[PDB]
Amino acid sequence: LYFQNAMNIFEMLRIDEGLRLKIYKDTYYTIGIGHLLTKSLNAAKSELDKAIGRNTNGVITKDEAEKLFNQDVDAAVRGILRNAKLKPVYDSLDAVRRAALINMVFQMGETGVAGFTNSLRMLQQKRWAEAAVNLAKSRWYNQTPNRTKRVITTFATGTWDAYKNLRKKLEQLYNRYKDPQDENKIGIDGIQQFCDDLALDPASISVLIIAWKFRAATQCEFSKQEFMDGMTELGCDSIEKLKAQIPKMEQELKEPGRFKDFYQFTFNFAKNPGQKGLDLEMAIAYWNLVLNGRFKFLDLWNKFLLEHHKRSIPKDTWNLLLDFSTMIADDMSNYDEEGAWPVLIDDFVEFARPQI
């Protein structure tokens, strides 16, 4: 297999599809760059363990993800070559343009790509300009505008310039924020600078919404990989582009499913690494940001905790408070004292009820 390319192709799809180092769902058990494991998590982890050759517990290194990716590329190429509608075009193409074709197969499958009869013919004919214009007129171009533009540029030029130039733009932007003491991260000063450039306070709800969209691990920490992967997945190559994405993020949060996801993410982001629970003062500070205008009893809840709890908040309790806020009547008359709520919430209702 060492004789068969594959270096630029891994980085090309890492940018376009994304690299996940933990087992996820594609809406099917997946890992790496879209690597399907099975059609049970026990069975999914078993397949991953057998493929890697160690007890991974569903977590892998980038090198392991690369090994899996190379197998998927090899399978993709075998499939393209068996396809009578794809083989002629693939055969005629140079190495860089073959990588752009494999990119399409990875996104929409063989049948999806075979549907582009007119564009594929133009490619076979080496009519780059005509093909590039024709591909930009499809739903593919509208569904994934950033990825599609990059793939079309690969077909138009036969170079890696769309990927090379995005990485340049992102590395130059990163340099403005990186820690002088540690090049591989954005420190305290950098995070403040990033928020200043966005014209936002770092403790604001807008910045918390941004952290959620970036899947950031921890408050006051921001790694280079979080910055790079975040900006690419969001289709942003500048602060101005990210700024213009904020209204869309706000709208998403009006849907309860997305709000629940953001609410639960807040707990994980706010907590200290090495600790399983969230310190009370910190939990109250983030609750004031995320439950502002959603919970009638928020202030009385804060007073109750500061006076009667005075300890850490577990994840389950954090998660259940959103359900409590949604269902609770203004007079608390519908509260079920024997209806599975955490003891802390039972204690709060008992404390709050005399105060109305």
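A residue's number is simply how far along the shown sequence it sits, counting from 1.
Exercise for the section: Can you check if, in at least a third of the other PDB entries compared, residue 5 has no modelled coordinates? Expected result: Yes: coordinates for residue 5 absent from at least a third of the compared entries.
Handout entry: Missing from the model but present in the deposited sequence, between residue 4 and residue 5
Key = 1 to 3 residues lack coordinates between residue 4 and residue 5.
Exercise for the section: Quick one: classify how much of the deposited chain lacks coordinates between residue 39 and residue 40, choosing none, 1 to 3, 4 to 9, or 10 or more. Expected result: Missing residues, residue 39 to residue 40: 1 to 3.
Handout entry: 108-116 or 265-273, whichever carries the higher mean Cα B-factor
Key = In the deposited entry, the stretch with the higher C-alpha B-factor mean is 108-116.
Handout entry: Mean C-alpha B-factor comparison - 175-183 and 192-200, higher one
Key = Stretch with the greater average CA B-factor: 175-183.
Practice task
Name the residue from 24, 335, 348, 341 with the greatest C-alpha temperature factor listed in the entry.
Solution key: Of the options given, 24 has the highest CA B-factor in the PDB entry.
Exercise for the section: Name the one of 207, 81, 166, 249 with the greatest CA B-factor according to the PDB entry. Expected result: Result of the comparison over 207, 81, 166, 249: 81.
Problem - Chain third (lowest, middle, highest) by recorded CA B-factor, residue given as residue 99 - result: For residue 99, the deposited C-alpha B-factor lands in the lowest third.
Exercise for the section: Divide the modelled residues of the chain into thirds by Cα B-factor and specify which third, lowest, middle or highest, holds residue 219. Expected result: Residue 219: CA B-factor falls in the lowest third of its chain.
Problem - Modelled-residue ranking by C-alpha temperature factor, third containing residue 292 - result: Tercile = middle for this residue's CA B-factor.
Exercise for the section: Relative to the other modelled residues of the same chain, rank the CA B-factor of residue 254 and answer lowest, middle or highest third. Expected result: Its C-alpha B-factor belongs to the middle third of this chain's values.
Handout entry: Ranked against its chain, the third holding the CA B-factor of residue 87
Key = According to the entry, residue 87 has a C-alpha B-factor in the chain's highest third.
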